[PDB]
Structure formats: C-alpha cells, structure tokens
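To start, the structure itself, in structure tokens.
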Amino acid sequence: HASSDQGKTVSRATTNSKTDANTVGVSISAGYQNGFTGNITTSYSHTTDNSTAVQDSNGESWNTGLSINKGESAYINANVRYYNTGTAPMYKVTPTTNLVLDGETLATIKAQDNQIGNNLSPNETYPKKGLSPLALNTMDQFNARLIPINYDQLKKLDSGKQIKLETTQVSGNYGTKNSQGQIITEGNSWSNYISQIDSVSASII
Amino acid sequence: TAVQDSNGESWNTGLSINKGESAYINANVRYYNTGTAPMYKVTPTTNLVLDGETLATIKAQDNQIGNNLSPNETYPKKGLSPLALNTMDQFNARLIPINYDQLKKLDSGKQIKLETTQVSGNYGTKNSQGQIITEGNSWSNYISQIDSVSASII
Amino acid sequence: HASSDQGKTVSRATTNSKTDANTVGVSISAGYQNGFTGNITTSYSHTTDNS
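Residue numbers (full-length UniProt numbering), protein chains in the order written: chain A, 313 to 517; chain B, 364 to 517; chain C, 313 to 363.
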C-alpha cells in the first residue's frame, strides 16, 4: 500500500511586550590627583519599554509511505494448460495441483468454475492449441479469494527460486447413452474406475 | 510581560493506491452464433490477455448468460448495446483486478485481448406435444463426438 | 503490518519588530577633592528601534 501527501501552511503571530527596569548603584573613587581625592557617587534610573513584533510564516511538506502485511505479502497467478494423452475424452475436467516453492507446498488448488474444461479429447489440450493458457487465479470455492504468499516466500521468490506445479489428481466424466439416445455425463465419474483399471492392467507408454 | 496572538491555516492533499489491486477491468462483449442450431443458456469462458500473460479467465455468471441465441444472430440483439463483464466470482460480487505493472502497461499502447476458450449451452428436446426441455441437455456432451466424425467447411 | 514513512519540509518565516524605550535618571555625588565637590545630575533618553 503506497501513499503520498502534500502540505501547505500559513501563520501570523503578533507579540506585544512591555518592560520595567530599575537600577541603583554606588561608585566610590579614591585616587591621589595631586595630594588626595575622594568621591562617593549614587545613582538611580528607571526604563520603560514597549515592543511590537509581527511574524509571517509559510510552510510546505510532502510525505511518501509504503506498508505491507507480512502474512499476505503477494498474490500468485499461474497460467496453466491441460493435456490428454490417453484414449478416451474427459468431460468437466477438474484438476488438483500443488504449488511448490523450495521444498514447501504453498497451496493445493482444485479447479473451480473459471478453470474447468468442458471437453478434453485425446491428443488435445485445454485451451486449444492456438489459444492462451488459463489463469489459475483463486483458491476458494467461488473464485473470490486470491492465492496468497507470505513475506519470506516473496523474498525467496525475488531470487533464483521458482514455483513448480504438480498435478496430484484430475477429476472428470465419461459419456453414456441413457434410456433414449441422449448422452449423459453428469453422474458418471472417472474416479470410480481409476484404481480398478490400474489394478488389472499393464501400463505401456 | 508579553502577549502573543497566533493564527494558522493549512490544507493537505493526498492519494494512496494498493499495488495488488490497482484497477478494475470492465469489458463490453457480444456473442455470435454462426452454426445451424440455437444455443440456450449461453455460457462463454473467456481469456483476458495483456502482453503475453492471461490476467483472468472469466466464465459468464447470471448477469452475462444469454437466454436464446439463434443461428446468424447475436446476444444482445443487433440494435442493442454490448454486455458488461464486470465480475469474476460466482455470485457477481467481485470485480476483476489487475495489479500495478499491468496497469502501467495499460496506460500505454498496450491493449487487452479477449479470446473465448469454450462455450457452454443447452439444446431443446420436444415430446409427443410441443413441450420443450433444455435442462439436462448439454451441447458439451456432443461437441467432441461431432468433431470426431465430421469434416469442417467454412 | 509493517509500515514506513519519509517526509521533507521547507519553510520561511519573516519578522518585523518595533520597540520604544524611555529612561530617566538621578545621580548624586560627593567629593573631598581638596576641600569639597558635590553635584546632582538628571538624565533622560529615548530609544527607537527597528529590526
């Protein structure tokens, strides 16, 4: 949070003094001019004073400030893309990714509405080849809470340190034909079949 | 004895900004249908790209959903003004932020581009009578299947 | 929440004064120089000022 101010000041004083001063004093002299001399002097005085001072002033100032919260020092935005290298398409693609920075995981984000790919056909990407990558922008369920990092991670990030991204799992759907010729992909989840397919297969890449 | 009488006056002016949410973006858009079927409940997902990076990927919520979109037409219709893409959350209550460096780029020749990555919408199915239903009917269930058995002609 | 500030200030004040001063005085002396000498004195002043 940066800040900046300007100032301007005017002033006017007016002093009115008044003074009294008595002064009494004795001075004695004794010095042989030719044969002898003596003198005893006494004096009195009284002074009266009046003053009149006027003063004008003109001031200026400018300030600049800079604040920071050390627990939410910066917000992170990742630009990602999905790939399908299998044999079947996946609908409503919902990935879950880790954001890792120097041995610690900053956040685990599941894709909400703004980041879900409706179709993802094999050998294709979301968004498609000619488009720009997504914005993995927020962390909450309603795409309204940005992904924060604290001050030590931000300082570590103004250096050679980078943030990696790891897909821990991906959720999605498959299409079946319902009682009529209509395709349904709503309650048909691929996660019901991942462990079972992996458990009875050999994997060739 | 001294008696001093003073009179002052001052006026300050200031301005502060947050460098993480320096500005808010508001794009005006219009949808187009160049196919052969009308799409109901049109829900586009768009990228907002400024100088090589995507600022935000917004999906159309209640305010930005088009009820009908027939072939060769637009939403909103031809004689009307374009929509407003204000918010990024699900309930239309959170404006779209850009940070300070992106704002600085924006106060120059730099322009923000918009590209649609996907569009979601429904089709209609009648019954014995003319009762049309467009709720469980999703075009995304058929987009890939249609692309996989066809030849494109533009 | 850690903050920080930096200020700078410039000013200029001008003053105009004016002062009056009256003064009286009495002086008494005595002197046995050779036989005697003695004098009384009365003084007065008026100072005007500008600064």
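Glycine included, C-beta positions come from ideal geometry on N, C-alpha and C.
Query                                                                                                                                                     : Result
Taking just the CA atoms, how far does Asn455(A) sit from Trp502(B)?                                                                                      : 24 Å
Which residues, in order along the region 374-394 of chain A, keep a beta-carbon less than 7 Å from a beta-carbon of chain C?                             : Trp374, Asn375, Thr376, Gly377, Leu378, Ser379, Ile380, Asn381 and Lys382
Just verifying my parser: in three-state terms, what is the DSSP assignment at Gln465(B)?                                                                 : helix
Can you pull the chain A residues whose beta carbon is under 7 Å from the beta carbon of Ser503(B), in chain order?                                       : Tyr403, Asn430 and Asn431
In chain B, which residues lie less than 9 Å from residue 581(A) when you measure between Cβ atoms?                                                       : Residue 581(A) cannot be examined here, being either before or after the span of chain A that is shown, 313 to 517.
Let's see if you can read the secondary structure: which residues bound the beta strand (DSSP E) around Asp361(C)?                                        : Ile352 to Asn362
What does the alpha-carbon distance come out to for the pair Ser316(C) and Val482(B)?                                                                     : 48 Å
Nearest by alpha-carbon distance to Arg324(C): which of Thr354(A), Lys468(A) and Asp368(A) is it?                                                         : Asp368(A)
Could you say which of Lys473(B), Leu432(B) and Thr408(B) lies nearest to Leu443(A) if we only look at CA atoms?                                          : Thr408(B)
Does the Cβ-Cβ distance between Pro401(A) and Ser507(B) come in under 7 Å?                                                                                : yes
Taking Cβ positions only, does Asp425(B) come closer than 7 Å to chain A?                                                                                 : no
If we call anything under 7 Å between Cβ atoms a contact, is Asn396(B) one with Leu432(B)?                                                                : yes
List the residues of chain A whose Cβ lies closer than 7 Å to the Cβ of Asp452(B), in chain order.                                                        : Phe454, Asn455 and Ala456
Does DSSP classify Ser511(A) as helix, strand or coil?                                                                                                    : helix
Between the beta-carbon of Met451(B) and the beta-carbon of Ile461(B), is there less than 7 Å?                                                            : no
How many angstroms separate the CA atom of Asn328(C) from the CA atom of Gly350(C)?                                                                       : 46 Å
Which value, in whole angstroms, describes the spacing of the CA atoms of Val366(B) and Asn334(A)?                                                        : 22 Å
How many whole angstroms separate the CB atoms of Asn391(A) and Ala447(A), which I take to be in contact at a CB cut-off of 8 Å?                          : 6 Å
Alpha carbon to alpha carbon, how far is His358(C) from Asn346(A)? Give it in angstroms, no decimals.                                                     : 39 Å
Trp374(A) bridges to which residues according to DSSP?                                                                                                    : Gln318(A) and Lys320(C)
Name the chain B residues whose beta carbon is nearer than 8 Å to that of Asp317(A)?                                                                      : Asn375, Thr376 and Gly377
If you check the beta carbons only, do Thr480(B) and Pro445(A) fall under 7 Å apart?                                                                      : no
Grab me the residues of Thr326(A)'s own chain with a C-beta within less than 6 Å of its C-beta, minus the 5 sequence neighbours each way, in chain order. : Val366
Does chain A have any CB closer than 7 Å to the CB of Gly337(C)?                                                                                          : yes
Along chain B, which residues have their Cβ under 8 Å away from the Cβ of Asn449(A)?                                                                      : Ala419, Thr420 and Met451
Run through DSSP, which three-state label would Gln427(A) get?                                                                                            : helix
Do you know whose CA, among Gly415(A), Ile421(A), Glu436(A) and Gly487(A), lies nearest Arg457(A)'s CA?                                                   : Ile421(A)
Can you tell which of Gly371(B), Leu466(B), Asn504(B) and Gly499(B) has its C-alpha closest to the C-alpha of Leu413(B)?                                  : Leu466(B)
Starting from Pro445(A), find everything on chain B with Cβ-Cβ shorter than 7 Å and list it in chain order.                                               : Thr417
Could you give the C-beta distance for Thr406(B) and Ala419(B), rounded to a whole number, given that I count them as a contact under 8 Å?                : At roughly 16 Å, the Cβ-Cβ gap does not stay under 8 Å, so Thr406(B) and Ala419(B) are not in contact.
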